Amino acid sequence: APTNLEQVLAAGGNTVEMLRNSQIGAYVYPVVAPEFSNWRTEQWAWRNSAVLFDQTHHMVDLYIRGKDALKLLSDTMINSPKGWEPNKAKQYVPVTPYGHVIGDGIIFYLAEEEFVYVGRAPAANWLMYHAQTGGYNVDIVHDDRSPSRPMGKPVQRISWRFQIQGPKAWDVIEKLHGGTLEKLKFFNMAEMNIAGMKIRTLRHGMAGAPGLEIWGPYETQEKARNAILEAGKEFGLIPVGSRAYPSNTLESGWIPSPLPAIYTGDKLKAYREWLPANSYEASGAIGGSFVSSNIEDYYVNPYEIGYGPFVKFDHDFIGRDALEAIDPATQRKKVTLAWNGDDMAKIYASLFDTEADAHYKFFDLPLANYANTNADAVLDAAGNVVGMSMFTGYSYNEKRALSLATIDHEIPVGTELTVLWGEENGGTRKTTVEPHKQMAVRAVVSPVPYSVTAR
């Protein structure tokens, strides 16, 4: 009977309990082969040779055109619009009237009155809601991420999207281009040659080496991919599969999975009435050890997950007054947590114990998340909750399990905290969750992007 999120919550009991017991299953990175060689060698190659990341399938694309497109973005983003011209992209971050992050994605300024958003569903949904109901003179084409389990059905996108990354990425890029390619400033857009095509580019990079994101119409996907793989053999470039790909951010530092902070607040009710009952927001899941009965305790604001530097009070935008009220120097801070190797060994050892009543929560490799939104409690030595761990996995490059977290600002790097791993009472009813007992895992606060920190 419910058709929108507001009706789902009215009928669904406590919002946290619903989300933490959702039947949605895993958050899937679709369609791309799980592995091409193996996830360990694929992780190694983005730090030691070169890789082709296939980003064609796991993100929502919004094609936004019209007289009011730039206004729609300016009205809804914390980012400065001042001086923004075609061929520059931004990491679009919208907040609610209450100052909390809704989501984020990349907004490409393609030409006059032509933009494309690329990212998870929540910030796309917010843009569509405002384009539809806010009176904007704008046309939107929504191209959903691909189906999680296509089961043999054909898959289409409007565009393909790849990245070429790694210490030898620029060598591959210039080999493809046919000569020297200028390294522009980060997120500036241009073009390059690939097999006689003019391919638009976005200056990117990771682990201290420049790279590119590239895209084009879906029909040229194979033509481009085969040229990249062929030219890159000289430099050891290998394609990366969907098993290894999402673990890259454990090293790069981007938290992809903030809870869309839209479940409460009278000013957000019209949005809850617009969001479908089968939306990401209504159907998705929360996993991990952090327990509150108030869904607001799962919200983050931009300063807490690293977007403080993007906030610019130089344009009107939703949530501006709330952000101006915040003191940036007392906000929780994004860190990397380096999980203790002995504790990791203990977690895995418990899978092979034939006599114990229970084992510790299965920690998949290289990505251990088991919901759309991840929320593990971070504790100090006295047992206080001092942060929230939001994305969890393992780097073959570091031989460490790692998570991205937001913790109280005064905690110095090198501090050993604990992350409570697993859920309470044998686990929630999520279909990703097998019965298990919890473990406090020792974790050292480290910088973001990750760098090795003595304890």
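Numbering starts at 1 and follows the sequence shown.
Engineer: What stretch has the higher average Cα B-factor here, 373-381 or 156-164?
Structural biologist: Looking at the recorded C-alpha B-factors, 373-381 comes out higher on average.
Engineer: Quick one: higher average CA temperature factor, 257-265 or 128-136?
Structural biologist: Taking the mean C-alpha B-factor of 128-136 and of 257-265, the larger value falls to 128-136.
Engineer: Among the choices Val419, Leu70, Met390, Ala45, identify the one whose CA B-factor in the record is greatest.
Structural biologist: Across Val419, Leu70, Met390, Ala45, the entry lists the biggest C-alpha B-factor for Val419.
Engineer: Per the entry, which of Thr201, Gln221, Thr330, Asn248 tops the list for Cα B factor?
Structural biologist: If I rank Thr201, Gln221, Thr330, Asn248 by C-alpha B-factor, first place goes to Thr330.
Engineer: Lowest, middle or highest third: where is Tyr271 by C-alpha B factor in its chain?
Structural biologist: CA B-factor rank for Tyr271: middle third.
Engineer: Using the temperature factors of the C-alpha atoms in this entry, rank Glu174 within its chain: lowest, middle or highest third.
Structural biologist: Middle third of the chain for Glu174's C-alpha B-factor.
Engineer: Hey, what third does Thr15 fall into on Cα B-factor, ranked over its chain?
Structural biologist: It falls in the middle third of the chain.
Engineer: What third of the chain, by the recorded C-alpha B-factor, contains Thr406?
Structural biologist: It belongs to the middle third of the chain when residues are ordered by C-alpha B-factor.
Engineer: Mind checking which third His359 falls in for C-alpha B-factor across the chain?
Structural biologist: For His359, whose C-alpha B-factor we compare with every modelled residue in the chain, the answer is the highest third.
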